[PDB]
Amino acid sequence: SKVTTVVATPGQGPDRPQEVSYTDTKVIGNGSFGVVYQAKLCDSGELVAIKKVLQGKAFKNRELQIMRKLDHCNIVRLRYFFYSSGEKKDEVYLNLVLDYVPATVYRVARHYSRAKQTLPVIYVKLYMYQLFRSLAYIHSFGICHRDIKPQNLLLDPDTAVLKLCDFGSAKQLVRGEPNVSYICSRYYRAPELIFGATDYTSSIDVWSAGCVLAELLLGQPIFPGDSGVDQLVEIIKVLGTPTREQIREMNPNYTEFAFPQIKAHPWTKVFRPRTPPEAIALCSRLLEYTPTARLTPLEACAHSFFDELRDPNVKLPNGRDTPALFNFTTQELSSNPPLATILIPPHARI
């Protein structure tokens, strides 16, 4: 086949460019941000995804910088990166070589939705548990994804391993520094962001994870809507009208407005009868108006809903064993070390 060679720089390395060859090139994605290709490394023969975006060269790329700093089992790994050309002359293009992952949580959920089936609770636990773990890690670096949603959760069919991807909106949130309110994706945008808050924290990702969980249990997005107001009405229909204090926690500029008082809708009636009580409990501790009242990602991992995954005799529906879910490092537990008593079961510590 047509072999392409370039001098790429390793992702997690001392910045030492090297020759890299690849073939079997084919477009597998295209957006306003750029085109995404699939390729096979001539060396290892492994499949990779090449995300090509337009770079000004005069400004550093935030995504690249964030990625080159990440190294976790639940985060898409950045193999190499390099510059080139392609669309419209006299312009530099940044190419991100990431590991290729077959499916996404979104596509799997879709299969079940049109199959009139509910995703087995076992998978909901496996996926949510890994999502929170990736969140505990990026947050430990003070990094906020700002775009958590099913489409950005890559999955390995066989291993059932989940990897967070798409860091094109990620940013390091410095306590005491403004930030754009119109961030994240529609259905998954925290209430504070819909109210135009500018001093939000990483807790907006936990809200997004809660919407994800709820969607997996419901079979469809829990808070649909075209505009922010629509979104907020969907949220209020479930959580009820927020109190003045909750409103103050989200955006004090709305404290004195007198919103109609709508009664909250019981989480039990929201989901189906056969919904695990622990799932509902976990959901209510994630989808909280007050951002500081939401569970931390590390705390969510310790929640009872994930007890089954801590069972020594747990197995995947396909017979295989569950991915490594207890290899927590010091950096991962930094936020709350004591939790290691629960996060790491006895049959793993020794």
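Position 1 is the first residue in the sequence shown; the rest follow in order.
When the mean C-alpha temperature factors of 202-210 and 87-95 are read from the deposited coordinates, 87-95 comes out higher.
When the two stretches 339-347 and 4-12 are set side by side, the higher mean Cα temperature factor goes to 339-347. Based on the entry's C-alpha B-factors, the most elevated value among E177, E192, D230, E215 belongs to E177. Take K26, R294, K40, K51 and read off each C-alpha B-factor from the entry; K26 has the highest.
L316 sits in the highest third of its chain by CA B factor, as recorded in the PDB entry.
Placement of the Cα temperature factor of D158 within the chain: highest third of the modelled residues, per the deposited record.
Compared with the other modelled residues of the chain, the Cα B-factor recorded for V121 ranks in the middle third.
Per-chain ranking of the deposited C-alpha B factor places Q151 in the lowest third. Split the chain's modelled residues into thirds by C-alpha temperature factor. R274 is in the highest one.
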